[PDB]
Amino acid sequence: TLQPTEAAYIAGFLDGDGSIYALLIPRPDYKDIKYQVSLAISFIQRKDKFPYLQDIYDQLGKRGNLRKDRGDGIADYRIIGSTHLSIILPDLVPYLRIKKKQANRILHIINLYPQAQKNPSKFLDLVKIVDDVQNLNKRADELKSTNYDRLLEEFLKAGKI
Amino acid sequence: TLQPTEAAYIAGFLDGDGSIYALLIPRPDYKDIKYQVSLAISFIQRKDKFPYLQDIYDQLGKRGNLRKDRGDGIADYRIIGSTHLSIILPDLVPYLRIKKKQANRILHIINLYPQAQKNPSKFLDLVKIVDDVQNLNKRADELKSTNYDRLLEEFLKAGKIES
DNA sequence: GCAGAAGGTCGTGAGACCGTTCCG
DNA sequence: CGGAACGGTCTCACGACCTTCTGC
Ligand SMILES: [Ca+2]
Ligand SMILES: [Ca+2]
Ligand code: NA
């Protein structure tokens with residue numbers, strides 16, 4: 001149901017007030033790999049503009065979580081997970097300009113995830129993509145993400161790899 | 001030569017990192033009315049991303065002015081004036097959402113401008129709209145623009161208007 | 001005499017995560 | 001569980017003008 005100019009407008013707005021990011025969440029309750037990869041895209045806007053986010057929510061099939069207020073007078077719409085992202089990103093990729101690379105990296109992670117879930121070596125290759133995505137969202141002179149270096153170290157220390 | 005999805009993308013990017021505004025520029029060298037209504041739409045982005053603005057610039061027929069650095073590590077692309085905006089806005093209005101009204105108000109000012117030039121009373125009506133566009137760019141709790149009130153008082157004390 | 005190009009900047013509105021709780 | 005939804009927030013990257021230099 002997503003028409004071309006709708007996907008295009010959204011990619012434009014996403015390249016503007018939005019974000020495409022990936023991160024590593026520590027999970028104590030997990031087993032061999034005490035980490036969960038989170039992937040997401042989000043739109044941020046001052047709360048009085050909430051309806052506009054709502055509109056994008058409907059155009060995207062009502063996937064995601066909306067917040068009238070994050071707690072600081074700002075509203076957002078966050079779409080987390082491969083389930084939602086595997087459907088949405090393909091529609092926005094052809095129009096994404098500034099954050100096009102980040103989007104393609106999420107997609108790659110989604111591709112690799114199933115087989116990386118419980119394979120230390122694979123999980124690492126997947127974490128390196130998380131670093132790249134995070135680094136793409138930084139200025140050149142900022143300290144680069146180092147999740148791969150830290151996890152490789154941990155995995156060795158734990159005799160997992 | 002602007003394609004629909006190109007225009008839609010631009011409208012979305014403009015709604016995000018862009019700005020559509022109007023203002024009054026005092027002009028010491030003007031005749032009857034010493035003010036100029038400056039109209040514009042602009043895109044802003046961090047320095048290192050300047051080439052993305054360049055792309056939009058090319059897509060909008062190279063109209064407007066680019067700045068690799070405003071002076072604070074931020075780059076921008078500003079499209080100023082009726083000539084350029086009367087051509088570009090009509091192309092983006094179909095897809096603008098957040099700043100749609102600001103866009104239609106600039107368009108309205110462009111329609112009225114010709115006859116408001118050397119006409120104090122009409123120039124004020126026009127300035128009322130300049131305040132509206134400016135108010136549309138504020139939070140509801142902020143102090144509204146006062147271009148109309150101050151200009152009227154000036155016109156009155158200058159003998160340019162009688163009521 | 002008129003106006004677009006180019007300069008400058010304060011007050012945020014965003015971005016890009018990190019944290020904690022819920023749930024089928 | 002293995003996400004899914006809810007919370008929270010530092011650090012800027014914007015926005016939306018205002019000011020001044022150019023050009024004819
Ligand atoms: Ca931005
Ligand atoms: Ca914005
Ligand atoms: Na923005």
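A note on names: the letters A, B, ... follow the listed sequences, proteins ahead of strands, and every chain is numbered from 1. Heavy atoms only: backbone and side chains are in, while hydrogens, waters and symmetry mates are out.
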> For B:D29 and D:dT20, give me the distance from atom CG to atom P, rounded to whole Å.
14 Å

> Which is more 5' along DNA chain D, the nucleotide nearest A:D72 or the one nearest A:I80? Just name the residue.
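With A:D72 and A:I80 compared, the 5'-side residue is A:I80.
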
> Please check if the side chain of A:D69 supplies one atom and the backbone of A:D72 the other of a donor-acceptor pair under 3.5 Å.
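The answer is yes, because a donor-acceptor pair under 3.5 Å joins these two groups.
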
> Across the strands shown, which category fits A:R139 at heavy-atom distances under 4.0 angstrom: base, sugar-phosphate, nothing?
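Sugar-phosphate, no base atom in range.
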
> Under 3.5 Å between N/O atoms: give me all the protein pairs with nucleotides 16-18 of chain C, atom names plus distance.
residue	atom	partner	partner atom	Å
C:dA16	OP2	A:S19	OG	2.9
C:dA16	OP2	A:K99	NZ	3.3
C:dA16	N6	A:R70	NH1	3.2
C:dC17	OP2	A:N137	ND2	2.8

> Over how many whole Å does the gap from A:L143 atom CG to D:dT11 atom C1' extend?
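Distance check: A:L143 CG to D:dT11 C1' gives 14 Å.
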
> Give the rounded distance in Å between these two atoms: CG of A:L14 and P of C:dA14.
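Spelled out: CG on A:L14 to P on C:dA14 is 14 Å.
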
> Using a heavy-atom cut-off of under 4.0 Å over every strand shown, decide if A:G64 touches base, sugar-phosphate, or nothing.
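Nothing, no nucleic acid heavy atom in range.
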
> Measure from NZ on A:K68 to P on D:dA5 and round the result to the nearest Å.
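Between P of D:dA5 and NZ of A:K68: 17 Å.
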
> Closest-nucleotide mapping onto DNA chain C: is B:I79 or B:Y30 further toward the 5' terminus? I mean the 5' end.
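So the residue in question is B:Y30.
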
> Between C:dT12, D:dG2, C:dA3, which one does the side chain of B:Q117 approach most closely?
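The closest nucleotide is C:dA3.
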
> Need one value for B:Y113: base, sugar-phosphate or nothing, where a base atom within 4.0 Å counts as base even if backbone is also close, heavy atoms only.
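Sugar-phosphate: the residue B:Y113, judged by heavy atoms under 4.0 Å, touches backbone atoms but no base.
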
> Keeping B:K100 on the side-chain end and B:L96 on the backbone end, is there a donor-acceptor pair under 3.5 Å?
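Yes, B:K100 side chain to B:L96 backbone: donor-acceptor pair under 3.5 Å.
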
> Distance check, rounded to the nearest 0.5 Å: B:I129 atom CD1 versus B:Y113 atom OH?
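Rounded to the nearest 0.5 Å, the CD1-OH separation comes out at 14.0 Å.
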
> Check whether any side-chain N or O of B:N119 sits under 3.5 Å from a backbone N or O of B:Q115 as a donor-acceptor pair, and report yes or no.
no

> Apply ring pair (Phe, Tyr, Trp, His ring centres under 6.0 Å) to B:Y57 and list each qualifying residue two or more places apart in sequence or on a separate chain.
B:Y77

> Which nucleotide sits closest to the side chain of A:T83: D:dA4, C:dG1, D:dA13?
D:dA4

> Donor-acceptor pair, B:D17 side chain versus B:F13 backbone, under 3.5 Å?
no

> Going hydrophobic residue to hydrophobic residue with side-chain gaps under 4.5 angstrom, can you get from B:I44 over to B:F50?
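Looking at the clustering, B:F50 is in a separate group from B:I44.
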
> If I take atom CD1 in residue A:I74 and atom P in nucleotide D:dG7, what distance separates them, rounded to the nearest angstrom?
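In whole Å, D:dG7 P and A:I74 CD1 are 17 Å from each other.
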
> How is A:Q45 classified with respect to the nucleic acid when contacts are heavy atoms under 4.0 Å: base, sugar-phosphate, or nothing?
sugar-phosphate

> Determine the contact category for A:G73: base if any of its heavy atoms lies under 4.0 Å from a base atom, sugar-phosphate if only primed atoms, P, OP1 or OP2 are that close, otherwise nothing.
nothing

> Give the rounded distance in Å between these two atoms: CG of B:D131 and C1' of D:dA16.
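It is 14 Å, rounded to the nearest whole Å.
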
